[PDB]
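Data file: structure-v7.csv. Format and content: CSV, C-alpha atoms.
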chain,number,residue,atom,x,y,z
A,1,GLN,CA,32.7,134.0,139.2
A,2,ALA,CA,34.7,133.6,136.0
A,3,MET,CA,37.0,131.0,137.6
A,4,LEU,CA,34.0,129.1,139.0
A,5,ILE,CA,32.2,129.1,135.7
A,6,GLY,CA,35.4,127.7,134.1
A,7,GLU,CA,35.7,124.8,136.6
A,8,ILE,CA,32.0,124.0,136.1
A,9,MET,CA,32.4,124.0,132.3
A,10,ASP,CA,35.5,121.9,132.5
A,11,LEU,CA,33.8,119.4,134.8
A,12,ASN,CA,30.8,119.1,132.5
A,13,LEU,CA,33.1,118.3,129.5
A,14,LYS,CA,35.3,115.8,131.5
A,15,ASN,CA,32.1,114.1,132.7
A,16,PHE,CA,30.8,114.0,129.1
A,17,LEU,CA,34.1,112.5,127.9
A,18,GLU,CA,34.3,109.9,130.7
A,19,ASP,CA,30.7,108.9,129.8
A,20,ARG,CA,31.6,108.4,126.2
A,21,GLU,CA,34.5,106.1,127.3
A,22,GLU,CA,32.1,104.2,129.6
A,23,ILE,CA,29.7,103.7,126.6
A,24,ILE,CA,32.6,102.4,124.6
A,25,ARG,CA,33.7,99.8,127.3
A,26,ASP,CA,30.1,98.6,127.8
A,27,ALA,CA,29.8,98.0,124.1
A,28,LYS,CA,32.5,95.3,124.3
A,29,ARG,CA,32.3,93.8,127.8
A,30,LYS,CA,29.7,92.7,130.4
A,31,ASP,CA,30.7,93.5,134.0
A,32,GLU,CA,29.3,90.4,135.6
A,33,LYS,CA,30.4,91.3,139.1
A,34,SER,CA,28.3,94.5,139.1
A,35,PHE,CA,25.2,92.3,138.7
A,36,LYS,CA,26.2,90.1,141.6
A,37,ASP,CA,27.0,93.2,143.6
A,38,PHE,CA,23.5,94.7,142.8
A,39,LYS,CA,21.8,91.5,143.8
A,40,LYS,CA,23.6,91.7,147.2
A,41,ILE,CA,22.5,95.3,147.8
A,42,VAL,CA,18.9,94.5,146.9
A,43,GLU,CA,18.8,91.6,149.3
A,44,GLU,CA,20.2,93.8,152.1
A,45,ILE,CA,17.7,96.6,151.4
A,46,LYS,CA,14.7,94.2,151.2
A,47,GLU,CA,15.8,92.8,154.6
A,48,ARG,CA,16.1,96.2,156.2
A,49,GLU,CA,12.8,97.5,154.7
A,50,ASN,CA,10.9,94.2,155.4
A,51,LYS,CA,9.7,94.2,151.8
A,52,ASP,CA,9.6,91.2,149.4
A,53,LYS,CA,9.2,92.9,146.1
A,54,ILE,CA,11.3,95.1,143.7
A,55,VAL,CA,9.4,98.1,142.2
A,56,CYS,CA,11.2,100.0,139.2
A,57,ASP,CA,10.4,103.0,137.2
A,58,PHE,CA,11.9,105.0,134.3
A,59,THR,CA,12.6,108.3,136.0
A,60,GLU,CA,14.2,111.4,134.4
A,61,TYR,CA,13.4,113.6,137.5
A,62,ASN,CA,14.3,116.6,135.5
A,63,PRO,CA,13.6,118.1,138.0
A,64,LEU,CA,11.7,115.8,140.4
A,65,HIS,CA,8.3,117.5,140.8
A,66,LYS,CA,5.3,116.7,143.2
A,67,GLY,CA,3.7,114.2,140.8
A,68,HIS,CA,6.9,112.2,140.6
A,69,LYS,CA,7.2,112.1,144.4
A,70,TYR,CA,3.6,111.1,144.8
A,71,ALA,CA,4.0,108.2,142.3
A,72,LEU,CA,7.2,107.2,144.0
A,73,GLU,CA,5.6,107.0,147.5
A,74,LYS,CA,2.6,105.1,146.1
A,75,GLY,CA,5.1,102.7,144.4
A,76,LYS,CA,6.8,102.1,147.7
A,77,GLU,CA,3.6,100.7,149.2
A,78,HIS,CA,4.3,97.7,146.9
A,79,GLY,CA,8.0,97.1,147.5
A,80,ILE,CA,11.5,98.6,147.5
A,81,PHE,CA,11.8,101.5,145.0
A,82,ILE,CA,14.4,101.6,142.3
A,83,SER,CA,14.8,104.7,140.2
A,84,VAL,CA,16.2,104.0,136.7
A,85,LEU,CA,17.7,107.4,136.0
A,86,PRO,CA,19.5,108.2,132.8
A,87,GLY,CA,22.2,108.6,131.8
A,88,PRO,CA,25.7,108.8,130.3
A,89,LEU,CA,26.2,111.9,128.1
A,90,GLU,CA,23.3,113.7,130.0
A,91,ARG,CA,21.1,113.8,127.0
A,92,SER,CA,17.5,112.9,127.6
A,93,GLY,CA,14.5,111.1,126.1
A,94,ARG,CA,13.8,114.4,124.3
A,95,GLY,CA,17.3,114.3,122.7
A,96,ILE,CA,18.5,117.3,124.7
A,97,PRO,CA,20.7,118.1,127.7
A,98,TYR,CA,19.2,117.3,131.1
A,99,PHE,CA,18.5,120.4,133.3
A,100,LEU,CA,21.1,119.2,135.9
A,101,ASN,CA,23.4,116.2,135.9
A,102,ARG,CA,22.4,112.7,137.1
A,103,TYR,CA,24.3,112.8,140.4
A,104,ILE,CA,22.1,115.8,141.4
A,105,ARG,CA,19.0,114.2,140.0
A,106,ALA,CA,19.9,110.9,141.9
A,107,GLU,CA,20.2,112.9,145.1
A,108,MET,CA,16.7,114.4,144.4
A,109,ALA,CA,15.4,110.8,144.0
A,110,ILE,CA,17.0,109.6,147.3
A,111,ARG,CA,15.6,112.6,149.2
A,112,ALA,CA,12.1,111.9,147.7
A,113,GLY,CA,12.3,108.3,148.9
A,114,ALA,CA,14.0,106.1,146.3
A,115,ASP,CA,15.8,103.1,147.9
A,116,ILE,CA,18.2,102.7,145.0
A,117,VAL,CA,19.1,104.8,142.0
A,118,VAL,CA,20.5,102.9,139.0
A,119,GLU,CA,22.1,104.6,136.0
A,120,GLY,CA,19.9,104.6,132.9
A,121,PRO,CA,20.9,104.3,129.3
A,122,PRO,CA,22.4,107.1,127.1
A,123,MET,CA,18.9,108.1,125.9
A,124,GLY,CA,19.7,111.1,123.8
A,125,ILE,CA,21.8,109.3,121.1
A,126,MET,CA,19.0,106.6,120.6
A,127,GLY,CA,15.6,106.6,118.9
A,128,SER,CA,12.7,106.2,121.3
A,129,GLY,CA,12.1,102.5,120.3
A,130,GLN,CA,15.8,101.9,121.0
A,131,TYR,CA,15.8,103.5,124.4
A,132,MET,CA,12.5,101.9,125.4
A,133,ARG,CA,13.9,98.4,124.5
A,134,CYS,CA,16.9,99.3,126.7
A,135,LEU,CA,14.7,100.4,129.6
A,136,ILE,CA,12.6,97.2,129.6
A,137,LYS,CA,15.8,95.1,129.4
A,138,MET,CA,17.1,97.0,132.5
A,139,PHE,CA,13.9,96.5,134.4
A,140,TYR,CA,14.2,92.7,133.6
A,141,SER,CA,17.8,92.7,134.7
A,142,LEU,CA,17.0,94.4,138.0
A,143,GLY,CA,14.3,91.8,138.7
A,144,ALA,CA,11.5,94.3,138.6
A,145,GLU,CA,8.2,92.9,139.6
A,146,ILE,CA,6.1,96.1,139.7
A,147,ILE,CA,6.1,99.2,137.6
A,148,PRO,CA,4.3,102.1,139.4
A,149,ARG,CA,3.5,104.7,136.9
A,150,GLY,CA,1.8,108.1,137.3
A,151,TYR,CA,-0.8,108.9,134.7
A,152,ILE,CA,-3.0,111.8,133.7
A,153,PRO,CA,-6.6,110.7,134.0
A,154,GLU,CA,-8.7,110.6,130.8
A,155,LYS,CA,-11.3,108.4,129.2
A,156,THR,CA,-8.7,106.4,126.9
A,157,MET,CA,-6.6,105.8,130.0
A,158,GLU,CA,-9.5,104.0,131.7
A,159,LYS,CA,-9.6,101.6,128.8
A,160,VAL,CA,-5.8,101.2,128.7
A,161,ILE,CA,-5.8,100.4,132.4
A,162,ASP,CA,-8.6,97.8,131.9
A,163,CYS,CA,-6.7,96.1,129.1
A,164,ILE,CA,-3.4,96.0,131.0
A,165,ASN,CA,-5.2,94.8,134.2
A,166,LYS,CA,-6.6,91.8,132.2
A,167,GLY,CA,-3.0,90.8,131.3
A,168,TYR,CA,-3.1,92.3,127.9
A,169,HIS,CA,-0.8,94.8,126.0
A,170,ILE,CA,-1.1,98.1,124.2
A,171,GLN,CA,-0.2,98.9,120.6
A,172,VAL,CA,0.0,102.5,119.4
A,173,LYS,CA,-0.7,103.4,115.7
A,174,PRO,CA,-1.5,106.8,114.4
A,175,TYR,CA,-4.9,107.8,115.8
A,176,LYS,CA,-5.4,104.3,117.3
A,177,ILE,CA,-4.6,103.0,120.8
A,178,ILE,CA,-5.2,99.2,120.6
A,179,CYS,CA,-5.6,96.3,123.0
A,180,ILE,CA,-3.4,93.9,121.0
A,181,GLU,CA,-4.9,90.6,122.3
A,182,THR,CA,-8.6,91.6,121.7
A,183,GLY,CA,-8.0,93.9,118.8
A,184,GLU,CA,-10.2,96.5,120.5
A,185,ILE,CA,-9.6,100.1,119.5
A,186,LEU,CA,-9.5,101.8,122.9
A,187,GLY,CA,-9.3,105.4,121.6
A,188,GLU,CA,-7.4,107.7,119.3
A,189,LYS,CA,-4.9,109.5,121.5
A,190,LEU,CA,-3.4,109.8,125.0
A,191,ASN,CA,-2.2,112.7,127.0
A,192,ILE,CA,1.5,113.1,126.0
A,193,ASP,CA,2.6,112.1,129.5
A,194,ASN,CA,0.7,108.8,129.2
A,195,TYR,CA,2.4,107.5,126.1
A,196,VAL,CA,5.3,106.2,128.2
A,197,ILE,CA,2.8,103.6,129.6
A,198,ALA,CA,1.6,102.6,126.2
A,199,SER,CA,5.2,102.4,124.9
A,200,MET,CA,6.4,100.3,127.9
A,201,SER,CA,3.4,97.9,127.4
A,202,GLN,CA,4.0,97.5,123.7
A,203,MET,CA,7.8,96.9,124.2
A,204,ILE,CA,7.1,94.2,126.9
A,205,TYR,CA,4.8,92.5,124.3
A,206,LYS,CA,7.5,92.7,121.7
A,207,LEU,CA,10.3,91.4,123.9
A,208,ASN,CA,8.1,88.6,125.1
A,209,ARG,CA,7.5,87.6,121.5
A,210,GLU,CA,11.2,87.5,121.0
A,211,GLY,CA,11.7,85.2,124.0
A,212,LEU,CA,12.2,87.5,127.0
A,213,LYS,CA,10.4,86.0,130.0
A,214,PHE,CA,9.2,89.2,131.7
A,215,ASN,CA,5.8,90.1,133.0
A,216,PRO,CA,5.8,92.8,135.6
A,217,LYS,CA,2.7,94.2,137.1
A,218,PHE,CA,1.8,97.8,136.4
A,219,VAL,CA,0.5,99.9,139.3
A,220,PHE,CA,-1.2,103.0,138.0
A,221,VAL,CA,-1.1,106.2,140.1
A,222,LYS,CA,-3.6,108.8,139.2
A,223,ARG,CA,-1.8,112.1,139.3
A,224,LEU,CA,-3.5,115.0,141.1
A,225,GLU,CA,-2.0,117.6,138.7
A,226,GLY,CA,-0.8,118.1,135.2
A,227,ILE,CA,2.6,119.5,135.9
A,228,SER,CA,4.7,119.8,132.7
A,229,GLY,CA,8.5,119.3,133.1
A,230,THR,CA,9.1,121.3,130.0
A,231,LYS,CA,7.4,124.3,131.5
A,232,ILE,CA,9.2,123.9,134.8
A,233,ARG,CA,12.6,123.9,133.0
A,234,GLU,CA,11.7,126.9,130.8
A,235,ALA,CA,10.7,128.9,133.9
A,236,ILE,CA,13.9,128.0,135.7
A,237,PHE,CA,16.0,128.8,132.5
A,238,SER,CA,14.2,132.2,132.3
A,239,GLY,CA,15.1,133.1,135.9
A,240,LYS,CA,11.5,132.3,137.1
A,241,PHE,CA,12.4,129.5,139.6
A,242,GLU,CA,10.3,131.4,142.2
A,243,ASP,CA,7.2,131.1,140.0
A,244,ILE,CA,7.4,127.3,139.8
A,245,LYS,CA,8.5,126.4,143.4
A,246,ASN,CA,5.0,125.3,144.4
A,247,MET,CA,5.1,122.5,141.9
A,248,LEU,CA,8.3,121.0,143.5
A,249,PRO,CA,8.3,119.0,146.7
A,250,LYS,CA,10.3,120.2,149.7
A,251,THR,CA,12.8,117.4,149.2
A,252,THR,CA,13.6,118.8,145.7
A,253,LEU,CA,13.6,122.4,147.0
A,254,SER,CA,16.1,121.3,149.7
A,255,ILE,CA,18.7,121.1,146.9
A,256,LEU,CA,17.5,123.8,144.4
A,257,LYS,CA,16.5,126.6,146.8
A,258,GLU,CA,20.0,127.0,148.3
A,259,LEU,CA,21.7,127.0,144.9
A,260,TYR,CA,19.2,129.5,143.6
A,261,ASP,CA,19.4,131.7,146.7
A,262,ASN,CA,23.2,131.9,146.3
A,263,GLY,CA,23.2,132.6,142.5
A,264,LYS,CA,24.6,129.2,141.8
A,265,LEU,CA,21.8,127.3,140.0
A,266,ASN,CA,21.9,128.9,136.6
A,267,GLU,CA,25.5,128.1,136.1
A,268,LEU,CA,24.9,124.4,136.7
A,269,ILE,CA,22.2,124.0,134.0
A,270,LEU,CA,23.6,121.8,131.2
A,271,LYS,CA,23.9,122.9,127.6
A,272,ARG,CA,25.4,121.5,124.4
A,273,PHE,CA,29.0,121.5,123.5
A,274,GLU,CA,28.4,123.2,120.3
A,275,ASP,CA,32.1,123.3,119.2
A,276,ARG,CA,32.2,119.5,119.3
A,277,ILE,CA,29.0,119.4,117.2
A,278,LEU,CA,30.5,121.7,114.5
A,279,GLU,CA,33.9,120.0,114.6
A,280,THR,CA,32.2,116.6,114.0
A,281,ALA,CA,29.8,118.0,111.3
A,282,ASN,CA,32.7,119.8,109.5
A,283,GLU,CA,35.6,117.4,109.9
A,284,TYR,CA,34.6,113.8,110.4
A,285,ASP,CA,33.4,110.9,108.4
A,286,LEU,CA,29.8,111.5,109.1
A,287,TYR,CA,29.0,108.0,107.7
A,288,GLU,CA,30.5,106.3,110.8
A,289,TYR,CA,28.4,108.4,113.3
A,290,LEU,CA,25.1,109.1,111.5
A,291,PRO,CA,22.6,107.3,109.3
A,292,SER,CA,23.5,107.2,105.6
A,293,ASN,CA,20.9,109.6,104.3
A,294,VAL,CA,21.8,112.2,106.9
A,295,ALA,CA,25.6,111.6,106.5
A,296,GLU,CA,25.1,112.3,102.8
A,297,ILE,CA,23.0,115.5,103.2
A,298,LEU,CA,25.2,117.1,105.8
A,299,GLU,CA,28.4,116.1,104.1
A,300,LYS,CA,27.1,117.9,100.9
A,301,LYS,CA,26.2,121.1,102.7
A,302,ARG,CA,29.2,121.5,104.9
A,303,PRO,CA,31.1,123.4,106.3
A,304,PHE,CA,28.5,124.9,108.7
A,305,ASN,CA,28.9,128.0,110.8
A,306,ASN,CA,26.5,127.1,113.5
A,307,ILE,CA,24.1,124.5,114.9
A,308,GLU,CA,21.1,126.2,113.3
A,309,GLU,CA,22.6,125.6,109.8
A,310,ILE,CA,23.1,121.9,110.7
A,311,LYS,CA,19.5,121.7,111.9
A,312,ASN,CA,18.1,123.4,108.8
A,313,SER,CA,20.2,121.1,106.6
A,314,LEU,CA,18.5,118.0,108.0
A,315,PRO,CA,15.7,116.3,105.9
A,316,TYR,CA,12.4,118.2,106.0
A,317,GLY,CA,9.5,117.0,108.0
A,318,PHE,CA,11.3,114.7,110.4
A,319,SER,CA,10.6,115.1,114.1
A,320,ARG,CA,12.1,117.4,116.7
A,321,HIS,CA,13.5,114.3,118.5
A,322,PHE,CA,15.2,113.2,115.3
A,323,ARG,CA,16.9,116.6,115.0
A,324,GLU,CA,18.0,116.7,118.6
A,325,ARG,CA,19.2,113.0,118.4
A,326,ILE,CA,21.4,113.9,115.4
A,327,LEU,CA,22.9,116.9,117.3
A,328,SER,CA,23.6,114.6,120.3
A,329,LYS,CA,25.3,112.1,117.9
A,330,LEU,CA,27.5,114.8,116.4
A,331,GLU,CA,28.3,115.9,119.9
A,332,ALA,CA,29.0,112.4,121.3
A,333,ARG,CA,31.0,110.9,118.4
A,334,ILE,CA,30.1,107.3,119.1
A,335,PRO,CA,30.6,105.1,116.0
A,336,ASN,CA,27.5,103.5,114.7
A,337,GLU,CA,29.1,100.1,115.0
A,338,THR,CA,29.9,100.6,118.7
A,339,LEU,CA,26.4,102.0,119.5
A,340,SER,CA,24.7,99.1,117.7
A,341,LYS,CA,26.8,96.8,119.9
A,342,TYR,CA,26.0,98.9,123.0
A,343,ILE,CA,22.3,98.5,122.4
A,344,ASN,CA,22.5,94.8,121.6
A,345,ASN,CA,24.6,94.1,124.7
A,346,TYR,CA,22.6,96.4,127.0
A,347,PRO,CA,22.7,96.4,130.0
A,348,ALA,CA,26.5,95.6,130.3
A,349,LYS,CA,26.5,96.6,133.9
A,350,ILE,CA,24.4,97.9,136.8
A,351,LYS,CA,25.9,101.1,138.0
A,352,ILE,CA,24.4,102.4,141.3
A,353,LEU,CA,24.3,106.2,141.4
A,354,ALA,CA,23.0,106.3,144.9
A,355,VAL,CA,21.6,104.1,147.6
A,356,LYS,CA,19.5,104.7,150.7
Once you've parsed the file, please lay out its structure as structure tokens.
Amino acid sequence: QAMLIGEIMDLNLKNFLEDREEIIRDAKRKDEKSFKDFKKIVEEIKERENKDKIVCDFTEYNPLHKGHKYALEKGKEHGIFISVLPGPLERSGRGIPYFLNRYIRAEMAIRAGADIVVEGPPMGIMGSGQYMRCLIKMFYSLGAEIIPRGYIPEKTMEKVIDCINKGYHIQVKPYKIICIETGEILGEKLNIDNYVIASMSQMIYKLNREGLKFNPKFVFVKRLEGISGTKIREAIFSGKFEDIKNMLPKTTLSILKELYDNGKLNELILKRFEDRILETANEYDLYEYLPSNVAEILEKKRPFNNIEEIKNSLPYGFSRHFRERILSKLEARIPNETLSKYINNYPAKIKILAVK
């Protein structure tokens, strides 16, 4: 096993470093042909499926559980299904490594029914407003007409859905979920899994105000369960895959069970390159990779011996996402200039991870 663990580690690093180069190229150039190539693929798929509409969703599929597959299949009743599956650097909406790489997650998506899987943005080095702006821009660029989203039912979600179904949009403030156009306060809070819908709605409103002509229709899929991806991943990391199998569809188990049965799954689980993080924290001009205030604080307190000391050196009271984003930035070494450019030019290309 030592040689195999080494190959896997080397591949993870090489993939990470190729991703970084990809981000740097996309910051400076649009690949116009990829957009034309995508358009041709969609036309062909629509022809074959006898469907006229493009259905898109933001899908981490980390891993793809029964609720995800249910939502996907319901989405497909409305058109061809495109999974927008992040992303370069393999750092997630939570700021952290994905459980498995995106090629594996894309194969989960195709097996579950996705017609096309498009590579999503490098989520983990962005704030959540930044990555949501990117996601909506990708949906626009793909020609998305329907967004089929799974939700956890609750009384505030009834009112959110009523607001959206009237053609209105959601704003989120602390302890307020608002129907922007009517001003109505719909409730104080959503289930944590439901904030993605509110966030998408709010960003669509913002981008429309800024001139983006984009008005997709949401299709809401009431989930039959409250499966938590965090809990699924913790069980698998702890060696308790067998305890959570029942929450995963056979199409996801068709990949995971063989790996697990053969003692190969654990080794594939992605983790941080902590040496890179320490090397950037200790040796680089932190002002070119991090925000000023953070660059100042960490530069004062260095050198650090470990990630924990970096984390504890960060300003007090800021969010877990913030701390994980800083770590991902230290890890990725993408200059602020080039990330800004990346976000402003996004999407620079449509990369197809997999197609049915």
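Closest approach to residue 281 in chain A from the set A:88, A:234, A:262, A:332 is made by A:332, with distances taken over only C-alpha atoms.
Here CA of residue 243 in chain A is placed at a distance of 22.3 Å from CA of residue 109 in chain A.
Proximity to residue 267 in chain A was assessed for A:239, A:120, A:153, A:187 counting all atoms listed in the file; the smallest distance is recorded for A:239.
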So the first atom is CA of residue 321 in chain A and the second is CA of residue 230 in chain A; what is the distance between them in Å, to one decimal place?
14.2 Å
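A search radius of 6 Å centred on (12.4, 103.8, 136.8), applied to all atoms listed in the file, returns the residues residues 56, 57, 58, 59, 83 and 84 of chain A.
In this structure, CA of residue 287 in chain A sits 27.2 Å away from CA of residue 135 in chain A.
Minimum atom-to-atom distances from A:41, A:170, A:89, A:71 to residue 124 in chain A were compared using only C-alpha atoms, and the lowest value belongs to A:89.
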So which one's closest to residue 144 in chain A, A:70, A:81, A:205, A:168? Using only C-alpha atoms, please.
A:81
